[PDB]
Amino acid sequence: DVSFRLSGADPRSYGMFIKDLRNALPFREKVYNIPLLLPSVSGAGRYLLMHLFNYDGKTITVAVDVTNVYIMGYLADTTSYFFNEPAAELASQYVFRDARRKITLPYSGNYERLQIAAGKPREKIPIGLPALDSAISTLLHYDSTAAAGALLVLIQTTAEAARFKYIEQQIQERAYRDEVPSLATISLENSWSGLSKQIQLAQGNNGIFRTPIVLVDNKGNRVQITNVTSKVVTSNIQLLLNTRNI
């Protein structure tokens, strides 16, 4: 398992937690020195548990699918909560079985459905460590509309930060003051599968993408990624979704 405490948290401790989250995910090979997530994992070993503590020391445990870094659900005291989708249904056969009751959230765990439930797009929701503290606290007591926004914060400050060093850095910059994500952050989140695929297809094509990927950079400009010498590939992306799952 991995753990992170908001009490005493700073950019250093958050960065270390994200390193630990990345390194908790199994892989058997690297592609251009980036861990390639496994095509499949059978049984309980498919799920990583992340123990998150809010500033007051109250805790939730979050179950993450190690093949894609997707959050399946979480445990708050004696109640488990799972997204309304087959992958989370499966997860609930393996994790948090000791919970006294299970609530299936009234949405699946993708951005489209979460944004509808929250009533707002990612672009308008501040993120940062204070927002993560708030998100943990919200998830402690069931409220599905509030939970949708909290889960948008949680996903971006854990899974997306693990996937992209740039997003990790954005959250570090928001350690003590929340701010909506940059355009670049949104573009990277929206392109993780596409980038993962092209980096894998570039092996066998001399590091050249079969199909270029368009992103927004940290200055807000459109850029086209065409090959693995791009900083997006050499320093930014940290985990690759297996093409078997694309």
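Throughout, we count residues from 1 along the sequence that is shown. We call the rigid core whatever largest set of C-alpha positions still superposes within 1.5 Å between the two forms.
Of 219-227 and 19-27, the stretch whose C-alpha atoms sit farther from the shown form in 5 other deposited structures of this protein, after fitting on the rigid core, is 219-227.
Mean C-alpha B-factor is higher over 120-128 than over the other stretch, the pair under comparison being 163-171 and 120-128. When the mean C-alpha temperature factors of 175-183 and 199-207 are read from the deposited coordinates, 199-207 comes out higher. Remark: of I71, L90, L75, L151, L90 shows the highest value [criterion: C-alpha B-factor in the PDB entry]. Residue-level temperature factors show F82 in the lowest third of its chain, judged at the C-alpha atom. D133 sits in the lowest third of its chain by CA B factor, as recorded in the PDB entry. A9 sits in the middle third of its chain by CA B factor, as recorded in the PDB entry. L140 sits in the middle third of its chain by CA B factor, as recorded in the PDB entry. Among the modelled residues of its chain, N227 has a C-alpha B-factor that falls in the highest third according to the deposited record.
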